[PDB]
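Input: a single structure, listed below in C-alpha cells.
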Amino acid sequence: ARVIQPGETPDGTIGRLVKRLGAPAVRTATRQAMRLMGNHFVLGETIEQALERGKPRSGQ
Amino acid sequence: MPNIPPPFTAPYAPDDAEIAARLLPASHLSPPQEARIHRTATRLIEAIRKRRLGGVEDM
C-alpha cells in the first residue's frame, strides 16, 4: 500500500494512456482486459496452477 | 424608463478579421485562470470518456 501524491506528471505507458484517454477510460479498458485475460487464457504461476484452473467439471 | 431601442439593424456580414482583432486580445487569461479552466475541463472530459448507454453520435 503506497500513498499517491496529487499532480503527478502522467508518464509511462499507463500515464501516457491516462493523459490521452483520461483515468476513467483507462480503468474501463483495464477491466475489459481483465475479462479477456480471465476468459481466453489459462494461466498460473506454475503449470500445475494453470492446469488446475483449466480443468472441466467432473468425469468430463 | 430608458428609451425603447430602435428596430434592430446591425450590419449583416461584417469583416471577420476586424472582429478577430478585437476578440483575440480580449480573450487573454492569466496563468492561474487558465490552470483552473484546464483542470475543470479535463475532469469533465474524463467523466465523458468514462463510458452508461450512449447517444446518437455513439450510434
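In what follows, every heavy atom counts, from backbone to side chain, and hydrogens, waters and symmetry copies are set aside. Chain letters run A, B, ... following the sequence lines, proteins first and then strands; every chain starts at 1.
Proximity of a side-chain donor or acceptor of A/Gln32 to a complementary backbone N or O of A/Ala29 within less than 3.5 Å is not detected. Judged by distance alone, the side chain of B/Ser27 and the main-chain N or O of B/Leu24 form a donor-acceptor pair under 3.5 Å.
Of all non-hydrogen atoms in A/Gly15 and A/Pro10, the two that sit nearest each other are O-CB, 3.3 Å. Closest non-hydrogen pair, A/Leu21 versus B/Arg49, comes out as O-CD, 3.5 Å. When all heavy atoms are compared, the tightest approach of B/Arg22 to B/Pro25 is O-CD, 3.3 Å. The minimum heavy-atom distance linking A/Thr28 with A/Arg35 is given by the pair O-NH2, 4.3 Å. For the residue pair B/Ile19 and B/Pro14, the shortest heavy atom distance occurs at CD1-CG, 4.2 Å.
To the nearest 0.5 Å, atoms CG (A/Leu43) and CZ (A/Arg53) are separated by 7.5 Å. Expressed to the nearest 0.5 Å, how far CZ of A/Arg27 lies from CD of B/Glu46 amounts to 7.5 Å. Taken to the nearest 0.5 Å, the CG atom of B/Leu44 stands 10.5 Å off from the CZ atom of B/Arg39. Taking OG1 of B/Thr40 as the start and CZ of B/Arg36 as the end, the distance is 9.0 Å to the nearest 0.5 Å. To the nearest 0.5 Å, atoms CE (A/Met34) and CG (A/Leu36) are separated by 11.5 Å.
Two residues are said to be in side-chain contact when any heavy atoms from C-beta on lie closer than 4.5 Å; A/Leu51 and A/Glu48 fail this criterion.
With no hydrogens or angles considered, no side-chain donor-acceptor pair links A/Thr46 and A/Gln49 at under 3.5 Å.
Counted within 6.0 Å of CD on B/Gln33, heavy atoms from surrounding residues, nucleotides or ligands total more than 12; the atom is thus considered enclosed.
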